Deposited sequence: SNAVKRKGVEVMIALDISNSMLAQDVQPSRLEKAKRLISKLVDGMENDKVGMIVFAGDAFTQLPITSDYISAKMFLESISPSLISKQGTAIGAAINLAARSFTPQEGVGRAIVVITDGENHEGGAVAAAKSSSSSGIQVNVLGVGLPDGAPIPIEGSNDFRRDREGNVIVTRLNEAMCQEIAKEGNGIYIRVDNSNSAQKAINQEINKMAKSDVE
């Protein structure tokens, strides 16, 4: 068995709907598939935007993990995007259990704002903790819809924000984390590939 810490981006850009039904909802279904495909592993979950928090400590209760997905609330996280902080928190969140594989799975559009994500991945992998990245979204660009509104999120100048999958950043994080990068399209297929990479730990 391997210990797997999910780090899920719940920042505002994840509400973009360039992938159906949104980046966040696609990510939630991927996590659900991922845990339903576990047998011997343990799983935990961190959510992050401007800061990172552990919702679910590492556990054998896969079903509990699925339940946390239903209550995810981007309305209730500091705003922003802090992948490095999430990796750092994840790296310190595994059990001391002797000789067990440890893997971090970051799920994000990679629109990182802060620096240090690559350095965090390097630190993690140096210590033996693999960092994988599942990129959700498209590189083209989509706006961010506001629930109960016909409008989209705007910047300080009043223009519509366009958010894009930052593939280069996600790929570099996975590389330095000794892990894999997958651009998520078929969530069931992405799930198999990540389980396949994890099952070498």
Inset, instruction - Map the modelled residues onto the deposited sequence and report the uncovered stretches in sequence order. - result: 1-7, 85, 210-215
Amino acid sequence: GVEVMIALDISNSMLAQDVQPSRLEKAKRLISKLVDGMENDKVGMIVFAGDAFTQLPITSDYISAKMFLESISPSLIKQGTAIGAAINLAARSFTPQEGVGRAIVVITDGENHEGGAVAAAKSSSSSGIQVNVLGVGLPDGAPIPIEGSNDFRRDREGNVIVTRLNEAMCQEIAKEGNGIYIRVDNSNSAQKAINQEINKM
From here on, numbers count along this sequence of modelled residues.
Inset, instruction - Look up the CA B-factors in the entry and say which stretch, 49-57 or 151-159, has the higher mean. - result: 151-159
Legend entry - Entry-level comparison of average CA B-factors, 111-119 and 88-96, reporting the higher stretch: 111-119
Legend entry - Member of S11, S187, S22, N178 with the greatest C-alpha B factor (per the PDB record): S187
Inset, instruction - Determine which member of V106, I72, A82, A103 has the highest CA B-factor, using the values in the deposited entry. - result: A82
Inset, instruction - Could you tell me which third, lowest, middle or highest, the C-alpha B-factor of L165 occupies within its chain? - result: lowest
Inset, instruction - Would you mind ranking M38 by its C-alpha B-factor against the rest of the chain and naming the third, lowest, middle or highest? - result: highest
Inset, instruction - Taking the chain's C-alpha temperature factors as the reference, tell me which third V2 falls into: lowest, middle or highest. - result: highest
Inset, instruction - Tell me, lowest, middle or highest third: where does the Cα B factor of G141 rank within its chain? - result: highest
Inset, instruction - Just say lowest, middle or highest third for the CA B-factor of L76 relative to the other modelled residues in its chain. - result: highest
